[PDB]
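Following: one structure in structure tokens, then a few remarks.
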Amino acid sequence: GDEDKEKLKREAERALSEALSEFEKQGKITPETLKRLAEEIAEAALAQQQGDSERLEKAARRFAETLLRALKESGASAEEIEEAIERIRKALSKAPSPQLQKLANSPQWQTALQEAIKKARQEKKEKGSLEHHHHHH
């Protein structure tokens, strides 16, 4: 049992790459993590053409939960989290795919994002998030 979801994954990995472009430029985030976040968008955008509302909520929540770790790992605060998710909203709304444009406009996806901004606002500030080793591998 398999499906050609790779077509949406290759379109979505660019959405995060352009949205979080400044976070990667700053060394807050990695291109592997930007792809890992967009792999959940691929499922959510394919679900929009299938009309599967339950997928939109679950995939958007899983994406927004993962994204919060990738940002907080860099020492991000609620102000950086709430700017970061907003960039995916533009990148999806401006996307090359009509499935990704429908995803940016989807209430089931957009509601799951609010839970991630309010989660980061409940914590407000980082614990410290500094590193003392090269980690070259």
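Simple scheme: letters A, B, ... for chains in structure tokens order, numbers from 1 for residues in each chain, numbers from 1 for ligands in the order shown.
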
Identify, on the basis of only C-alpha atoms, every residue whose closest approach to residue 89 (chain A) does not exceed 6 Å; exclude the query and any residue fewer than 3 positions from it along the same chain; express the result as an mmCIF file with N, CA and C atoms, in the first residue's frame.
data_model
loop_
_atom_site.group_PDB
_atom_site.id
_atom_site.type_symbol
_atom_site.label_atom_id
_atom_site.label_comp_id
_atom_site.auth_asym_id
_atom_site.auth_seq_id
_atom_site.Cartn_x
_atom_site.Cartn_y
_atom_site.Cartn_z
ATOM 1 N N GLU A 86 3.695 32.176 10.872
ATOM 2 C CA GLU A 86 3.109 33.172 9.975
ATOM 3 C C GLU A 86 3.765 33.171 8.587
ATOM 4 N N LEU A 92 2.566 29.071 1.863
ATOM 5 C CA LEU A 92 1.481 28.213 1.411
ATOM 6 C C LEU A 92 0.468 29.005 0.563
ATOM 7 N N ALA A 104 -3.247 26.735 3.035
ATOM 8 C CA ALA A 104 -3.077 28.027 3.720
ATOM 9 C C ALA A 104 -4.419 28.675 4.113
#

> Between CA of residue 105 (chain A) and CA of residue 120 (chain A), what is the spacing in Å?
Replying inline: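 CA of residue 120 (chain A) sits 22.7 Å away from CA of residue 105 (chain A).
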
>> Here is a test: counting only C-alpha atoms, which residue of A:90, A:5, A:28, A:118 is nearest to residue 65 (chain A)?
In response: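 So, comparing all the options, the nearest one is A:118.
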
Show me, as an mmCIF file with N, CA and C atoms, in the first residue's frame, the residues that have an atom within 12 Å of region 83-85 of chain A when counting only C-alpha atoms, minus same-chain residues fewer than 2 positions from it.
data_model
loop_
_atom_site.group_PDB
_atom_site.id
_atom_site.type_symbol
_atom_site.label_atom_id
_atom_site.label_comp_id
_atom_site.auth_asym_id
_atom_site.auth_seq_id
_atom_site.Cartn_x
_atom_site.Cartn_y
_atom_site.Cartn_z
ATOM 1 N N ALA A 15 8.297 25.519 0.655
ATOM 2 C CA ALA A 15 7.442 26.394 1.467
ATOM 3 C C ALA A 15 8.116 26.796 2.789
ATOM 4 N N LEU A 16 8.689 25.823 3.500
ATOM 5 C CA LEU A 16 9.448 26.061 4.732
ATOM 6 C C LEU A 16 10.783 26.761 4.467
ATOM 7 N N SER A 17 11.442 26.408 3.366
ATOM 8 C CA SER A 17 12.728 26.971 2.943
ATOM 9 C C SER A 17 12.654 28.479 2.687
ATOM 10 N N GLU A 18 11.576 28.940 2.050
ATOM 11 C CA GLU A 18 11.295 30.364 1.818
ATOM 12 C C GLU A 18 10.700 31.074 3.044
ATOM 13 N N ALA A 19 9.803 30.416 3.786
ATOM 14 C CA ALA A 19 9.205 30.971 5.004
ATOM 15 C C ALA A 19 10.237 31.219 6.111
ATOM 16 N N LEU A 20 10.961 30.180 6.511
ATOM 17 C CA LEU A 20 11.954 30.233 7.585
ATOM 18 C C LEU A 20 13.360 30.553 7.044
ATOM 19 N N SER A 21 13.424 31.148 5.850
ATOM 20 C CA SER A 21 14.664 31.577 5.189
ATOM 21 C C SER A 21 15.582 32.400 6.103
ATOM 22 N N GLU A 22 15.033 33.353 6.867
ATOM 23 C CA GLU A 22 15.802 34.144 7.839
ATOM 24 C C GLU A 22 16.264 33.335 9.057
ATOM 25 N N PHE A 23 15.523 32.307 9.483
ATOM 26 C CA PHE A 23 15.900 31.467 10.618
ATOM 27 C C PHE A 23 17.073 30.556 10.237
ATOM 28 N N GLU A 24 17.090 30.037 9.010
ATOM 29 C CA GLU A 24 18.234 29.293 8.469
ATOM 30 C C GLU A 24 19.452 30.207 8.230
ATOM 31 N N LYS A 28 19.452 29.548 13.248
ATOM 32 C CA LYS A 28 18.423 29.042 14.168
ATOM 33 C C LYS A 28 17.943 27.655 13.746
ATOM 34 N N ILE A 29 17.788 27.445 12.435
ATOM 35 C CA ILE A 29 17.182 26.219 11.876
ATOM 36 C C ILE A 29 18.032 25.545 10.782
ATOM 37 N N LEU A 34 13.573 21.929 8.033
ATOM 38 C CA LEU A 34 12.627 22.599 7.129
ATOM 39 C C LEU A 34 11.924 21.602 6.188
ATOM 40 N N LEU A 37 9.385 19.311 8.507
ATOM 41 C CA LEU A 37 8.176 20.088 8.745
ATOM 42 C C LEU A 37 7.249 20.080 7.519
ATOM 43 N N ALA A 60 -1.560 19.218 10.675
ATOM 44 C CA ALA A 60 -1.228 20.588 11.069
ATOM 45 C C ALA A 60 -0.755 20.676 12.527
ATOM 46 N N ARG A 61 -1.402 19.936 13.440
ATOM 47 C CA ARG A 61 -0.994 19.854 14.849
ATOM 48 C C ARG A 61 0.384 19.214 14.979
ATOM 49 N N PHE A 63 2.803 18.981 12.691
ATOM 50 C CA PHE A 63 3.708 19.993 12.131
ATOM 51 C C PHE A 63 4.022 21.101 13.143
ATOM 52 N N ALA A 64 2.993 21.709 13.736
ATOM 53 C CA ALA A 64 3.159 22.854 14.621
ATOM 54 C C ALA A 64 3.830 22.460 15.953
ATOM 55 N N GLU A 65 3.597 21.233 16.435
ATOM 56 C CA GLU A 65 4.291 20.660 17.597
ATOM 57 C C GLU A 65 5.790 20.468 17.310
ATOM 58 N N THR A 66 6.147 19.875 16.165
ATOM 59 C CA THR A 66 7.549 19.690 15.740
ATOM 60 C C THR A 66 8.266 21.024 15.531
ATOM 61 N N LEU A 67 7.608 21.972 14.862
ATOM 62 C CA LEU A 67 8.173 23.275 14.518
ATOM 63 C C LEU A 67 8.592 24.047 15.778
ATOM 64 N N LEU A 68 7.722 24.062 16.792
ATOM 65 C CA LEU A 68 8.005 24.633 18.113
ATOM 66 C C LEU A 68 9.309 24.107 18.725
ATOM 67 N N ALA A 70 11.973 22.839 16.956
ATOM 68 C CA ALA A 70 13.066 23.305 16.098
ATOM 69 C C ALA A 70 13.447 24.768 16.361
ATOM 70 N N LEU A 71 12.443 25.600 16.641
ATOM 71 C CA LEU A 71 12.632 26.997 17.006
ATOM 72 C C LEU A 71 13.173 27.146 18.436
ATOM 73 N N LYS A 72 12.593 26.438 19.410
ATOM 74 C CA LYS A 72 12.964 26.545 20.835
ATOM 75 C C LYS A 72 14.373 26.011 21.118
ATOM 76 N N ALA A 76 14.529 30.375 20.775
ATOM 77 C CA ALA A 76 13.416 31.245 20.395
ATOM 78 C C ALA A 76 12.400 31.474 21.537
ATOM 79 N N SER A 77 11.756 32.643 21.517
ATOM 80 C CA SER A 77 10.657 33.047 22.410
ATOM 81 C C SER A 77 9.325 33.100 21.650
ATOM 82 N N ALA A 78 8.205 33.322 22.349
ATOM 83 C CA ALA A 78 6.866 33.387 21.742
ATOM 84 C C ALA A 78 6.784 34.353 20.539
ATOM 85 N N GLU A 79 7.500 35.477 20.612
ATOM 86 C CA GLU A 79 7.653 36.486 19.554
ATOM 87 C C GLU A 79 8.338 35.982 18.269
ATOM 88 N N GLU A 80 9.275 35.037 18.374
ATOM 89 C CA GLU A 80 9.940 34.385 17.245
ATOM 90 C C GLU A 80 9.106 33.216 16.705
ATOM 91 N N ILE A 81 8.478 32.425 17.587
ATOM 92 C CA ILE A 81 7.548 31.356 17.186
ATOM 93 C C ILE A 81 6.381 31.938 16.374
ATOM 94 N N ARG A 87 5.071 32.878 8.498
ATOM 95 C CA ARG A 87 5.812 32.787 7.239
ATOM 96 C C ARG A 87 5.367 31.577 6.419
ATOM 97 N N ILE A 88 5.101 30.425 7.054
ATOM 98 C CA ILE A 88 4.514 29.261 6.364
ATOM 99 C C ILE A 88 3.133 29.632 5.815
ATOM 100 N N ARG A 89 2.316 30.405 6.552
ATOM 101 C CA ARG A 89 1.003 30.852 6.058
ATOM 102 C C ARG A 89 1.134 31.636 4.743
ATOM 103 N N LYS A 90 2.150 32.506 4.610
ATOM 104 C CA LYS A 90 2.409 33.258 3.366
ATOM 105 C C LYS A 90 2.925 32.332 2.270
ATOM 106 N N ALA A 91 3.881 31.464 2.597
ATOM 107 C CA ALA A 91 4.505 30.547 1.643
ATOM 108 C C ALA A 91 3.516 29.543 1.053
ATOM 109 N N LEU A 92 2.566 29.071 1.863
ATOM 110 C CA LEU A 92 1.481 28.213 1.411
ATOM 111 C C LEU A 92 0.468 29.005 0.563
ATOM 112 N N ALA A 104 -3.247 26.735 3.035
ATOM 113 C CA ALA A 104 -3.077 28.027 3.720
ATOM 114 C C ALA A 104 -4.419 28.675 4.113
ATOM 115 N N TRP A 109 -6.501 23.218 9.309
ATOM 116 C CA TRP A 109 -5.059 23.477 9.415
ATOM 117 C C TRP A 109 -4.768 24.748 10.229
ATOM 118 N N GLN A 110 -5.410 25.877 9.908
ATOM 119 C CA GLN A 110 -5.144 27.171 10.554
ATOM 120 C C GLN A 110 -5.483 27.183 12.057
ATOM 121 N N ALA A 112 -5.146 24.545 14.178
ATOM 122 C CA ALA A 112 -4.048 23.818 14.823
ATOM 123 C C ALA A 112 -2.824 24.716 15.072
ATOM 124 N N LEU A 113 -2.599 25.699 14.192
ATOM 125 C CA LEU A 113 -1.523 26.680 14.342
ATOM 126 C C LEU A 113 -1.731 27.565 15.577
ATOM 127 N N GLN A 114 -2.972 27.969 15.877
ATOM 128 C CA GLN A 114 -3.261 28.816 17.047
ATOM 129 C C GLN A 114 -2.826 28.142 18.358
ATOM 130 N N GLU A 115 -2.968 26.813 18.434
ATOM 131 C CA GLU A 115 -2.582 26.014 19.605
ATOM 132 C C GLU A 115 -1.070 26.058 19.850
ATOM 133 N N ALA A 116 -0.284 26.245 18.788
ATOM 134 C CA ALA A 116 1.168 26.332 18.860
ATOM 135 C C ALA A 116 1.655 27.734 19.262
ATOM 136 N N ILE A 117 1.041 28.800 18.730
ATOM 137 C CA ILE A 117 1.351 30.171 19.167
ATOM 138 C C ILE A 117 0.980 30.355 20.642
ATOM 139 N N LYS A 118 -0.217 29.926 21.060
ATOM 140 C CA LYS A 118 -0.641 30.053 22.463
ATOM 141 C C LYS A 118 0.197 29.173 23.407
ATOM 142 N N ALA A 120 3.504 28.553 22.928
ATOM 143 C CA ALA A 120 4.733 29.327 23.063
ATOM 144 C C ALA A 120 4.534 30.574 23.942
#

> Which distance in Å separates CA of residue 26 (chain A) and CA of residue 100 (chain A), to one decimal?
Replying inline: 26.2 Å

Could you give me, as a tab-separated table, every region 64-125 of chain A residue with an atom at most 9 Å from region 46-53 of chain A, plus its closest atom pair and distance in Å to one decimal, counting only C-alpha atoms, rows ordered by chain then number?
residue	atom	partner	partner_atom	distance
A:99	CA	A:48	CA	6.4
A:100	CA	A:46	CA	8.5
A:102	CA	A:48	CA	6.8
A:103	CA	A:48	CA	6.6
A:106	CA	A:48	CA	8.1
A:108	CA	A:53	CA	6.5
A:109	CA	A:53	CA	8.8

Could you turn the residues from that selection into a file that holds N, CA, C and O atoms, as a short mmCIF file (atom, residue, chain, number, x, y, z; two decimals), in the first residue's frame?
data_model
loop_
_atom_site.label_atom_id
_atom_site.label_comp_id
_atom_site.auth_asym_id
_atom_site.auth_seq_id
_atom_site.Cartn_x
_atom_site.Cartn_y
_atom_site.Cartn_z
N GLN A 99 -3.08 22.77 -4.15
CA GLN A 99 -3.31 22.05 -2.89
C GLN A 99 -2.68 22.80 -1.70
O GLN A 99 -3.29 22.89 -0.63
N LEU A 100 -1.50 23.39 -1.90
CA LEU A 100 -0.80 24.18 -0.87
C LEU A 100 -1.48 25.55 -0.66
O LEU A 100 -1.60 26.00 0.48
N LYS A 102 -4.83 26.02 -1.09
CA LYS A 102 -6.03 25.61 -0.32
C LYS A 102 -5.70 25.27 1.14
O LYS A 102 -6.50 25.58 2.02
N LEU A 103 -4.53 24.69 1.41
CA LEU A 103 -4.06 24.41 2.77
C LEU A 103 -3.88 25.70 3.60
O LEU A 103 -4.39 25.77 4.71
N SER A 106 -7.21 26.81 4.79
CA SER A 106 -8.02 25.77 5.44
C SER A 106 -8.19 26.05 6.93
O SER A 106 -7.18 26.19 7.63
N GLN A 108 -9.23 23.94 9.32
CA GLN A 108 -8.78 22.79 10.11
C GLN A 108 -7.26 22.82 10.34
O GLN A 108 -6.78 22.54 11.44
N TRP A 109 -6.50 23.22 9.31
CA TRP A 109 -5.06 23.48 9.41
C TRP A 109 -4.77 24.75 10.23
O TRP A 109 -4.01 24.69 11.20
#

>> Going by DSSP on the backbone, which residues of chain A come out as alpha helix (DSSP H)? List them as a PyMOL selection string.
In response: chain A and resi 6-19+21-25+31-50+53-72+78-93+98-104+107-123

> Of the candidates A:56, A:6, A:75, A:35, which shows the shortest atom-to-atom distance to residue 130 (chain A), using only C-alpha atoms?
Replying inline: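 Distance minimum relative to residue 130 (chain A) lands on A:75.
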
> What does the distance from CA of residue 131 (chain A) to CA of residue 30 (chain A) come to in Å, to one decimal?
Replying inline: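 According to the coordinates, CA of residue 131 (chain A) and CA of residue 30 (chain A) are separated by 15.7 Å.
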
> Taking only C-alpha atoms into account, which of A:32, A:82, A:4, A:40 comes nearest residue 62 (chain A)?
Replying inline: A:40

>> Considering only C-alpha atoms, can you say which of A:119, A:10, A:25, A:127 comes closest to residue 42 (chain A)?
In response: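 Result for the nearest residue to residue 42 (chain A): A:10.
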